[PDB]
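Read the single chain below, which is given as C-alpha cells and is the form deposited in one PDB entry.
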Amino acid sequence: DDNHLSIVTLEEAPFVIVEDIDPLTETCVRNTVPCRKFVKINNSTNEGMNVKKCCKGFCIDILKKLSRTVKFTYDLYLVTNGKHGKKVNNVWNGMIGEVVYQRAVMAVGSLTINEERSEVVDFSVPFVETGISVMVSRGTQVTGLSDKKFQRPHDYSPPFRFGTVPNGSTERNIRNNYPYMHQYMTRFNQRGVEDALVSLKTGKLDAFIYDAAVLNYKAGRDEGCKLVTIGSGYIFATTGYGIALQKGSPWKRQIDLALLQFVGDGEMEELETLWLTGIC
C-alpha cells in the first residue's frame, strides 16, 4: 500500500524502450515490465485512456533491481506532460513535474541531475555518468563547447550549423552559459535524437549537442562508425542520471545505498555491457 509506488518514466533508448503489448495475451513477457501511457481520445475533449504497454532497458533493469532489494512494488507510467523536465512560467513539467506535483513517488529514466532540478526534487546518487557532449562526422575540427565556432558562430563564413533537442538539461545549460550561442542555435533545434542523426548524416547539420550517455550509445551503433563524439568522448558539466524523488522522500536513503551496492558489487558493469555496448 505505502509500499506500492507510482513511478514515472520516459522513452529514450537504450535506457527506456517501449513496446506494444501482445493483443493477446495482453501480457508483458521476456525482459519487459508493464507500463501504461495515457492517450487522448481526441483534441476537443479531456478524455483519454491508459494504454497498456511494455517497457525494458537499462533503467528498467535498474528499477527491477531496486524493486527487488528495497522491497517495493510499482505502477510504472509514461509521462505525457512534456519530457524530462522544464520549468515553464515557474511551473515544472515532464518527469520532474510529475514528482514535484506528487503524481509520482519517483522518476526513473535518462533523467539528468542538475542544480535547478535539485531545488525542487531530491535525486539519488548518479547511476549513469553523463553530461554534455558533441556529435560530429569523424574528423570534424571542434575542440568542445567552448570552440569559437560555437561561441561566436558568425565569426565564420559560412557559419557552423549546430543544434540540440530543446527543453532538456542540455539546452538549459547552454542558455545559461552561452547566451549568444544559444540564441543562434535555436534555428537548428531538432525535434528528437533520430531527426538529429539524420540531419548530421546528410550534411544538414555540422554538430549535434546533447546528453553524453545517449550520444555515446548512438556513436557505438552508427552505421559505418562515421558519427563520433568529440575529444575522444569529452564531457562538459559532468553529472549523472539520477532517480528523482519528492523532497524529503523516505525512500531516498535505501535507494542510494542500493545503487551504491550495485556499483560496488559490479552489477552495473553487466547492465552496461548488456544495454550500452556498441560495435563502433
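Note that residue numbering follows the sequence shown and begins at 1. Under this definition, the rigid core comprises the largest set of C-alpha atoms superposing within 1.5 Å between the forms.
One more form of this protein exists, namely the form deposited in another entry; it is left out here, but the text below deals with it.
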| query | finding |
| --- | --- |
| Shifted position (C-alpha, 2 Å or more, core held fixed) between the shown form and the other one, chosen from 80, 118, 73, 189 | 189 |
| Rigid-core frame, C-alpha of residue 163, shift of 2 angstroms or more between the shown form and the other one | yes |
| Core-superposed C-alpha of residue 250 shifting 2 Å or more between the shown form and the other one | no |
| Core-superposed comparison between the shown form and the other one, residue 127 Cα displacement 2 Å or beyond | no |
| Note on residue 165-residue 84 C-alpha separation in that other deposited form, which departs from the shown form by 3 angstroms or more | farther |
| Inter-Cα distance between residue 270 and residue 232 in that other deposited form, nearer or further [3 Å or more] | closer |
